[PDB]
Structures are given as C-alpha cells and as structure tokens.
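Below: model26.cif (mmCIF, N, CA and C atoms)
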data_data
loop_
_atom_site.label_atom_id
_atom_site.label_comp_id
_atom_site.auth_asym_id
_atom_site.auth_seq_id
_atom_site.Cartn_x
_atom_site.Cartn_y
_atom_site.Cartn_z
N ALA A 81 34.68 -9.02 23.53
CA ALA A 81 33.66 -8.02 23.86
C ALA A 81 33.38 -8.00 25.36
N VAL A 82 33.15 -9.19 25.94
CA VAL A 82 32.87 -9.26 27.37
C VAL A 82 34.06 -8.74 28.17
N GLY A 83 35.27 -9.12 27.76
CA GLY A 83 36.45 -8.69 28.50
C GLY A 83 36.67 -7.19 28.45
N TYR A 84 36.46 -6.59 27.28
CA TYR A 84 36.61 -5.14 27.16
C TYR A 84 35.58 -4.40 27.99
N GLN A 85 34.32 -4.86 27.96
CA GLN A 85 33.31 -4.21 28.78
C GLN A 85 33.63 -4.35 30.26
N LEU A 86 34.09 -5.53 30.68
CA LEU A 86 34.45 -5.73 32.08
C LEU A 86 35.63 -4.85 32.48
N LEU A 87 36.62 -4.72 31.59
CA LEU A 87 37.77 -3.87 31.88
C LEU A 87 37.34 -2.42 32.05
N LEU A 88 36.47 -1.94 31.16
CA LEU A 88 35.97 -0.57 31.28
C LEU A 88 35.18 -0.37 32.56
N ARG A 89 34.38 -1.35 32.97
CA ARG A 89 33.60 -1.25 34.19
C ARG A 89 34.41 -1.47 35.46
N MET A 90 35.64 -2.00 35.34
CA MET A 90 36.44 -2.33 36.51
C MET A 90 37.64 -1.43 36.74
N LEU A 91 38.10 -0.68 35.72
CA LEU A 91 39.31 0.13 35.90
C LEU A 91 39.18 1.12 37.05
N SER A 92 37.95 1.54 37.37
CA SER A 92 37.77 2.52 38.42
C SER A 92 38.16 1.99 39.80
N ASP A 93 38.18 0.66 39.97
CA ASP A 93 38.63 0.09 41.24
C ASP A 93 40.09 0.44 41.51
N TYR A 94 40.94 0.33 40.49
CA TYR A 94 42.35 0.64 40.60
C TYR A 94 42.66 2.08 40.20
N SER A 95 41.63 2.85 39.83
CA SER A 95 41.76 4.28 39.55
C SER A 95 42.74 4.54 38.41
N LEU A 96 42.38 4.04 37.24
CA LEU A 96 43.14 4.24 36.02
C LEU A 96 42.24 4.83 34.95
N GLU A 97 42.84 5.65 34.08
CA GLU A 97 42.10 6.33 33.03
C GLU A 97 42.30 5.59 31.71
N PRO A 98 41.24 5.04 31.12
CA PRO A 98 41.41 4.28 29.87
C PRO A 98 41.90 5.16 28.73
N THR A 99 42.61 4.52 27.80
CA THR A 99 43.21 5.20 26.66
C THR A 99 42.31 5.08 25.43
N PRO A 100 42.42 6.03 24.49
CA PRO A 100 41.56 5.98 23.30
C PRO A 100 41.68 4.69 22.50
N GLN A 101 42.85 4.06 22.45
CA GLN A 101 42.97 2.80 21.72
C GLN A 101 42.11 1.72 22.37
N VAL A 102 42.15 1.63 23.70
CA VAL A 102 41.30 0.67 24.40
C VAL A 102 39.83 0.99 24.17
N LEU A 103 39.48 2.28 24.20
CA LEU A 103 38.09 2.65 23.96
C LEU A 103 37.63 2.22 22.56
N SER A 104 38.48 2.45 21.55
CA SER A 104 38.13 2.07 20.19
C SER A 104 38.00 0.56 20.04
N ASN A 105 38.92 -0.19 20.65
CA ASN A 105 38.84 -1.64 20.58
C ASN A 105 37.58 -2.16 21.25
N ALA A 106 37.23 -1.60 22.41
CA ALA A 106 36.00 -2.00 23.09
C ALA A 106 34.78 -1.69 22.23
N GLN A 107 34.77 -0.52 21.59
CA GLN A 107 33.65 -0.16 20.73
C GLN A 107 33.52 -1.12 19.56
N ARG A 108 34.65 -1.48 18.94
CA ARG A 108 34.61 -2.41 17.81
C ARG A 108 34.10 -3.78 18.23
N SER A 109 34.59 -4.28 19.37
CA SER A 109 34.13 -5.59 19.84
C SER A 109 32.65 -5.57 20.18
N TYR A 110 32.19 -4.50 20.84
CA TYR A 110 30.77 -4.40 21.18
C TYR A 110 29.91 -4.32 19.93
N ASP A 111 30.36 -3.57 18.92
CA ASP A 111 29.60 -3.49 17.68
C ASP A 111 29.53 -4.84 16.98
N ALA A 112 30.63 -5.61 17.00
CA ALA A 112 30.59 -6.94 16.42
C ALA A 112 29.59 -7.84 17.14
N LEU A 113 29.67 -7.87 18.48
CA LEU A 113 28.66 -8.56 19.28
C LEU A 113 27.25 -8.18 18.85
N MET A 114 27.00 -6.88 18.72
CA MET A 114 25.63 -6.43 18.65
C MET A 114 25.07 -6.59 17.24
N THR A 115 25.93 -6.48 16.22
CA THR A 115 25.50 -6.80 14.86
C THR A 115 25.33 -8.30 14.67
N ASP A 116 26.04 -9.13 15.44
CA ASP A 116 25.72 -10.55 15.43
C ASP A 116 24.35 -10.80 16.05
N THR A 117 24.02 -10.07 17.12
CA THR A 117 22.78 -10.29 17.85
C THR A 117 21.56 -9.62 17.19
N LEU A 118 21.78 -8.70 16.25
CA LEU A 118 20.71 -7.87 15.71
C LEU A 118 19.60 -8.69 15.06
N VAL A 119 18.35 -8.33 15.37
CA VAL A 119 17.16 -8.84 14.70
C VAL A 119 16.20 -7.68 14.47
N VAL A 120 15.53 -7.68 13.33
CA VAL A 120 14.61 -6.61 12.94
C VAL A 120 13.23 -7.21 12.74
N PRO A 121 12.17 -6.58 13.24
CA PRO A 121 10.82 -7.12 13.03
C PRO A 121 10.23 -6.67 11.70
N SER A 122 9.10 -7.28 11.36
CA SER A 122 8.36 -6.96 10.15
C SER A 122 6.98 -6.44 10.54
N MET A 123 6.61 -5.29 9.99
CA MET A 123 5.33 -4.67 10.32
C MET A 123 4.22 -5.42 9.60
N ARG A 124 3.46 -6.21 10.36
CA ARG A 124 2.41 -7.05 9.82
C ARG A 124 1.18 -6.19 9.48
N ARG A 125 0.27 -6.77 8.69
CA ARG A 125 -0.91 -6.05 8.24
C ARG A 125 -1.82 -5.70 9.41
N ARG A 126 -2.62 -4.66 9.22
CA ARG A 126 -3.36 -4.05 10.32
C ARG A 126 -4.38 -5.02 10.91
N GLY A 127 -5.23 -5.60 10.07
CA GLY A 127 -6.26 -6.49 10.57
C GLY A 127 -7.63 -6.23 9.98
N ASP A 128 -7.95 -4.97 9.72
CA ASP A 128 -9.14 -4.62 8.96
C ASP A 128 -8.81 -4.29 7.51
N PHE A 129 -7.56 -4.46 7.10
CA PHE A 129 -7.16 -4.25 5.72
C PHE A 129 -7.72 -5.37 4.85
N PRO A 130 -8.47 -5.06 3.80
CA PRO A 130 -9.07 -6.13 2.99
C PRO A 130 -8.04 -6.81 2.12
N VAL A 131 -8.32 -8.06 1.79
CA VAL A 131 -7.55 -8.81 0.80
C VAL A 131 -8.36 -8.85 -0.48
N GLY A 132 -7.67 -8.71 -1.61
CA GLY A 132 -8.35 -8.54 -2.87
C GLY A 132 -9.01 -9.81 -3.37
N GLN A 133 -9.76 -9.66 -4.45
CA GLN A 133 -10.42 -10.80 -5.08
C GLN A 133 -9.44 -11.72 -5.79
N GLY A 134 -8.23 -11.25 -6.09
CA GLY A 134 -7.25 -12.09 -6.76
C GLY A 134 -6.86 -13.31 -5.95
N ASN A 135 -6.86 -13.18 -4.62
CA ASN A 135 -6.53 -14.31 -3.76
C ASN A 135 -7.58 -15.41 -3.81
N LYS A 136 -8.75 -15.14 -4.38
CA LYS A 136 -9.82 -16.12 -4.53
C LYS A 136 -10.22 -16.71 -3.17
N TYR A 137 -10.71 -15.84 -2.30
CA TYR A 137 -11.10 -16.28 -0.97
C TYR A 137 -12.35 -17.16 -1.05
N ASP A 138 -12.65 -17.81 0.08
CA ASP A 138 -13.79 -18.71 0.25
C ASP A 138 -13.56 -20.03 -0.48
N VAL A 139 -12.48 -20.10 -1.26
CA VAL A 139 -12.09 -21.32 -1.95
C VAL A 139 -10.63 -21.60 -1.63
N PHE A 140 -9.76 -20.63 -1.91
CA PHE A 140 -8.34 -20.73 -1.62
C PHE A 140 -7.97 -20.22 -0.24
N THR A 141 -8.68 -19.22 0.27
CA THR A 141 -8.44 -18.66 1.59
C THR A 141 -9.77 -18.50 2.32
N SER A 142 -9.77 -18.82 3.61
CA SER A 142 -11.02 -18.83 4.36
C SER A 142 -11.53 -17.43 4.64
N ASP A 143 -10.66 -16.52 5.06
CA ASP A 143 -11.06 -15.20 5.50
C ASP A 143 -10.83 -14.16 4.42
N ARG A 144 -11.69 -13.14 4.41
CA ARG A 144 -11.60 -12.04 3.46
C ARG A 144 -10.80 -10.86 4.00
N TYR A 145 -10.26 -10.96 5.20
CA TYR A 145 -9.49 -9.88 5.81
C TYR A 145 -8.29 -10.47 6.54
N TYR A 146 -7.21 -9.70 6.58
CA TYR A 146 -5.99 -10.17 7.23
C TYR A 146 -6.21 -10.30 8.73
N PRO A 147 -5.79 -11.40 9.35
CA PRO A 147 -5.89 -11.51 10.81
C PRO A 147 -4.95 -10.54 11.53
N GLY A 148 -3.67 -10.58 11.17
CA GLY A 148 -2.70 -9.63 11.69
C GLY A 148 -2.51 -9.67 13.19
N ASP A 149 -2.44 -10.86 13.78
CA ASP A 149 -2.28 -10.98 15.22
C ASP A 149 -1.55 -12.28 15.53
N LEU A 150 -1.27 -12.49 16.82
CA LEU A 150 -0.58 -13.69 17.28
C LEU A 150 -1.56 -14.86 17.40
N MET B 1 -7.63 -52.92 -45.45
CA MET B 1 -8.79 -52.08 -45.72
C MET B 1 -9.53 -51.84 -44.40
N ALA B 2 -8.86 -52.18 -43.30
CA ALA B 2 -9.39 -51.99 -41.95
C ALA B 2 -10.71 -52.75 -41.76
N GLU B 3 -10.62 -54.08 -41.86
CA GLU B 3 -11.79 -54.92 -41.66
C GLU B 3 -12.31 -54.83 -40.23
N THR B 4 -11.40 -54.76 -39.26
CA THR B 4 -11.79 -54.77 -37.86
C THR B 4 -11.89 -53.35 -37.31
N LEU B 5 -12.74 -53.19 -36.29
CA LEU B 5 -12.89 -51.89 -35.64
C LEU B 5 -11.66 -51.55 -34.81
N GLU B 6 -10.98 -52.57 -34.28
CA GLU B 6 -9.73 -52.33 -33.57
C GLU B 6 -8.65 -51.81 -34.50
N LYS B 7 -8.81 -52.02 -35.81
CA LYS B 7 -7.90 -51.45 -36.79
C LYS B 7 -8.33 -50.06 -37.23
N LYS B 8 -9.63 -49.77 -37.19
CA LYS B 8 -10.13 -48.44 -37.52
C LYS B 8 -9.92 -47.43 -36.41
N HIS B 9 -9.86 -47.87 -35.15
CA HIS B 9 -9.82 -46.92 -34.04
C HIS B 9 -8.48 -46.19 -33.92
N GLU B 10 -7.36 -46.88 -34.12
CA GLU B 10 -6.08 -46.20 -33.92
C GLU B 10 -5.81 -45.20 -35.02
N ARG B 11 -6.35 -45.41 -36.22
CA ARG B 11 -6.24 -44.39 -37.26
C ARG B 11 -6.93 -43.11 -36.83
N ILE B 12 -8.12 -43.24 -36.23
CA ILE B 12 -8.82 -42.08 -35.69
C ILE B 12 -7.99 -41.43 -34.59
N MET B 13 -7.36 -42.24 -33.74
CA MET B 13 -6.55 -41.69 -32.66
C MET B 13 -5.36 -40.89 -33.20
N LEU B 14 -4.67 -41.43 -34.20
CA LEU B 14 -3.55 -40.69 -34.80
C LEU B 14 -4.04 -39.42 -35.49
N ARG B 15 -5.20 -39.49 -36.15
CA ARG B 15 -5.75 -38.29 -36.77
C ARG B 15 -6.04 -37.22 -35.72
N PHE B 16 -6.62 -37.62 -34.59
CA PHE B 16 -6.89 -36.66 -33.52
C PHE B 16 -5.61 -36.06 -32.97
N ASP B 17 -4.58 -36.89 -32.77
CA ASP B 17 -3.30 -36.37 -32.28
C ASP B 17 -2.70 -35.37 -33.27
N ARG B 18 -2.76 -35.70 -34.56
CA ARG B 18 -2.24 -34.80 -35.59
C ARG B 18 -2.99 -33.48 -35.61
N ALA B 19 -4.32 -33.53 -35.46
CA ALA B 19 -5.10 -32.31 -35.46
C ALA B 19 -4.88 -31.48 -34.20
N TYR B 20 -4.64 -32.14 -33.07
CA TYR B 20 -4.43 -31.45 -31.81
C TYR B 20 -3.06 -30.79 -31.73
N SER B 21 -2.04 -31.40 -32.34
CA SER B 21 -0.67 -30.93 -32.12
C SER B 21 -0.43 -29.48 -32.55
N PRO B 22 -0.76 -29.04 -33.78
CA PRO B 22 -0.39 -27.68 -34.18
C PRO B 22 -1.25 -26.61 -33.54
N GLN B 23 -2.56 -26.82 -33.52
CA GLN B 23 -3.50 -25.84 -32.99
C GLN B 23 -3.63 -25.95 -31.48
N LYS B 24 -2.57 -25.57 -30.76
CA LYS B 24 -2.55 -25.67 -29.31
C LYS B 24 -2.33 -24.33 -28.63
N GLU B 25 -1.59 -23.42 -29.26
CA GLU B 25 -1.35 -22.10 -28.68
C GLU B 25 -2.41 -21.08 -29.05
N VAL B 26 -3.06 -21.23 -30.21
CA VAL B 26 -4.18 -20.35 -30.54
C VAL B 26 -5.32 -20.55 -29.55
N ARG B 27 -5.71 -21.81 -29.33
CA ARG B 27 -6.74 -22.10 -28.34
C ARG B 27 -6.25 -21.78 -26.93
N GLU B 28 -4.95 -21.94 -26.69
CA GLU B 28 -4.34 -21.45 -25.46
C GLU B 28 -4.70 -19.99 -25.21
N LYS B 29 -4.42 -19.12 -26.18
CA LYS B 29 -4.66 -17.70 -25.99
C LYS B 29 -6.15 -17.39 -25.90
N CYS B 30 -6.97 -18.11 -26.67
CA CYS B 30 -8.41 -17.88 -26.60
C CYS B 30 -8.97 -18.21 -25.22
N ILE B 31 -8.59 -19.37 -24.67
CA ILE B 31 -9.05 -19.75 -23.34
C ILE B 31 -8.53 -18.77 -22.30
N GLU B 32 -7.26 -18.37 -22.41
CA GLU B 32 -6.71 -17.41 -21.46
C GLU B 32 -7.47 -16.10 -21.50
N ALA B 33 -7.79 -15.60 -22.70
CA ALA B 33 -8.51 -14.34 -22.81
C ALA B 33 -9.92 -14.44 -22.23
N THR B 34 -10.63 -15.53 -22.53
CA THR B 34 -11.98 -15.69 -22.00
C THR B 34 -11.96 -15.76 -20.47
N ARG B 35 -11.04 -16.55 -19.92
CA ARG B 35 -10.94 -16.67 -18.47
C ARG B 35 -10.55 -15.34 -17.83
N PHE B 36 -9.66 -14.58 -18.48
CA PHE B 36 -9.28 -13.26 -18.00
C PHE B 36 -10.46 -12.31 -17.98
N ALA B 37 -11.30 -12.35 -19.01
CA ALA B 37 -12.37 -11.37 -19.15
C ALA B 37 -13.62 -11.72 -18.34
N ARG B 38 -13.86 -12.99 -18.04
CA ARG B 38 -15.14 -13.37 -17.44
C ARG B 38 -15.05 -13.92 -16.02
N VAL B 39 -14.01 -14.68 -15.69
CA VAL B 39 -13.89 -15.25 -14.34
C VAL B 39 -13.67 -14.12 -13.34
N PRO B 40 -14.42 -14.07 -12.23
CA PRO B 40 -14.26 -12.94 -11.30
C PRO B 40 -12.92 -12.92 -10.59
N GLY B 41 -12.22 -14.05 -10.53
CA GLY B 41 -10.89 -14.12 -9.96
C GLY B 41 -9.79 -14.39 -10.96
N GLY B 42 -10.05 -14.24 -12.26
CA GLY B 42 -9.11 -14.66 -13.28
C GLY B 42 -8.04 -13.66 -13.65
N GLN B 43 -8.21 -12.39 -13.31
CA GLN B 43 -7.22 -11.38 -13.68
C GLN B 43 -5.89 -11.56 -12.95
N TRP B 44 -5.87 -12.26 -11.82
CA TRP B 44 -4.65 -12.51 -11.08
C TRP B 44 -4.20 -13.96 -11.16
N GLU B 45 -4.79 -14.75 -12.06
CA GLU B 45 -4.42 -16.15 -12.17
C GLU B 45 -2.99 -16.30 -12.66
N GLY B 46 -2.33 -17.37 -12.23
CA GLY B 46 -0.92 -17.56 -12.43
C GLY B 46 -0.08 -17.25 -11.21
N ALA B 47 -0.61 -16.43 -10.29
CA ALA B 47 0.06 -16.12 -9.04
C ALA B 47 -0.94 -16.02 -7.89
N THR B 48 -1.98 -16.86 -7.91
CA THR B 48 -3.05 -16.74 -6.92
C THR B 48 -2.52 -16.92 -5.51
N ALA B 49 -1.64 -17.89 -5.30
CA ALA B 49 -1.01 -18.12 -4.00
C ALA B 49 0.43 -17.63 -4.09
N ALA B 50 0.71 -16.50 -3.44
CA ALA B 50 2.05 -15.92 -3.46
C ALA B 50 2.26 -15.13 -2.18
N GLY B 51 3.50 -15.09 -1.71
CA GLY B 51 3.80 -14.35 -0.50
C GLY B 51 5.24 -14.56 -0.07
#

Go through the file and emit its structure as structure tokens.
Amino acid sequence: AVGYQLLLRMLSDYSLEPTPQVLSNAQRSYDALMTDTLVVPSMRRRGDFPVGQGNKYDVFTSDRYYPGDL
Amino acid sequence: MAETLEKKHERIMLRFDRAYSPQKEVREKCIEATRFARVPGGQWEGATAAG
C-alpha cells in the first residue's frame, strides 16, 4: 500500500502516465490498509434520557439518568 | 421406639425433606407471580443487570 501510494505520488518526477492496472492495484492495497484500520463509534445515550424502574436504581444503580459523557 | 430425642429428630428431618421435594414448582410459580405483581421492580427481574 505504501509503495503504490508513493509510486503514484512520484511518477510525475519522471513524467510517466500510470496505467489502469497499477491504478487498480493501488486502490486494492489502499482499501486493504483502510479496512484494516477502520473503527466505528457507538452513539451513546443523550444524558437526560431516563433509565427505567427495571434497573432498580438507588440499590443496584446510583443514578436515575444516563451520564452519557467522558 | 425412638427413646431418645436424637432419634426422633432425624425422622422429622426426613419427613420435612419428603414434603419439600415434590411441592417445589407450584410454590415457585406462586412466589414468582406475587413478586411480579407487587414488587415495584419485579417485572424485569431475571435480567436486572444487563448490557
């Protein structure tokens, strides 16, 4: 992946036009890199959203509302 | 003829075990229903801590 990106960024020094096969290989390598690196977040609760009576707060849980912060 | 109390007590213990063994799921369901209907947090019992 690094080599293909460097080749694409450097061919202009020697004034050469990349070929579709090289472009496709670079795209595949970059996609592999980036799907390895991918992380997705989770949308946490708002903070004023109430928690129900089923959780049995004040005994099992201290707060009656979601903190929803760092 | 169970002259001693140490001989009378284990008979009572076995009788209690015999009486307790069969009638365990009926009282199970009765206690579950009462707790479900009256405890303010009982409708979600069995999964109170989950996430």

Care to translate the PyMOL selection byres ((chain B) within 7 of (chain A)) into actual residues of this file, as a PyMOL selection string? chain B and resi 40-45+47-49

Would you put the residues from that selection into a file with N, CA and C atoms, as a short mmCIF file (atom, residue, chain, number, x, y, z; two decimals), in the coordinates of the input?
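Result file is out34.cif:
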data_model
loop_
_atom_site.label_atom_id
_atom_site.label_comp_id
_atom_site.auth_asym_id
_atom_site.auth_seq_id
_atom_site.Cartn_x
_atom_site.Cartn_y
_atom_site.Cartn_z
N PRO B 40 -14.42 -14.07 -12.23
CA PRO B 40 -14.26 -12.94 -11.30
C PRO B 40 -12.92 -12.92 -10.59
N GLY B 41 -12.22 -14.05 -10.53
CA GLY B 41 -10.89 -14.12 -9.96
C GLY B 41 -9.79 -14.39 -10.96
N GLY B 42 -10.05 -14.24 -12.26
CA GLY B 42 -9.11 -14.66 -13.28
C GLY B 42 -8.04 -13.66 -13.65
N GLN B 43 -8.21 -12.39 -13.31
CA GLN B 43 -7.22 -11.38 -13.68
C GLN B 43 -5.89 -11.56 -12.95
N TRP B 44 -5.87 -12.26 -11.82
CA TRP B 44 -4.65 -12.51 -11.08
C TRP B 44 -4.20 -13.96 -11.16
N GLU B 45 -4.79 -14.75 -12.06
CA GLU B 45 -4.42 -16.15 -12.17
C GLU B 45 -2.99 -16.30 -12.66
N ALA B 47 -0.61 -16.43 -10.29
CA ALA B 47 0.06 -16.12 -9.04
C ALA B 47 -0.94 -16.02 -7.89
N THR B 48 -1.98 -16.86 -7.91
CA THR B 48 -3.05 -16.74 -6.92
C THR B 48 -2.52 -16.92 -5.51
N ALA B 49 -1.64 -17.89 -5.30
CA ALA B 49 -1.01 -18.12 -4.00
C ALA B 49 0.43 -17.63 -4.09
#

> Out of chain B, which residues get alpha helix (DSSP H) from DSSP, as a ChimeraX atom specification?
Replying inline: /B:5-20,25-38

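Every protein or nucleic acid residue with an atom no more than 7 Å from residue 146 of chain A, counting only C-alpha atoms and leaving out same-chain residues fewer than 6 positions away, appears here: residues 125, 127, 128, 129, 130 and 131 of chain A.
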
(message) Excluding residue 82 of chain A and its own-chain neighbours fewer than 4 positions away, which residues fall within 8 Å of it when counting all atoms listed in the file? Please give them as a PyMOL selection string.
(response) chain A and resi 86-88+109-110

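Straight-line separation from atom N of residue 112 of chain A to atom C of residue 85 of chain A: 13.7 Å.
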
Between atom N of residue 25 of chain B and atom CA of residue 13 of chain B lies a distance of 19.2 Å

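Between atom N of residue 113 of chain A and atom CA of residue 92 of chain A there is a distance of 23.9 Å.
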
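Closest to residue 81 of chain A among A:101, A:121, A:95, A:111 is A:111, based on all atoms listed in the file.
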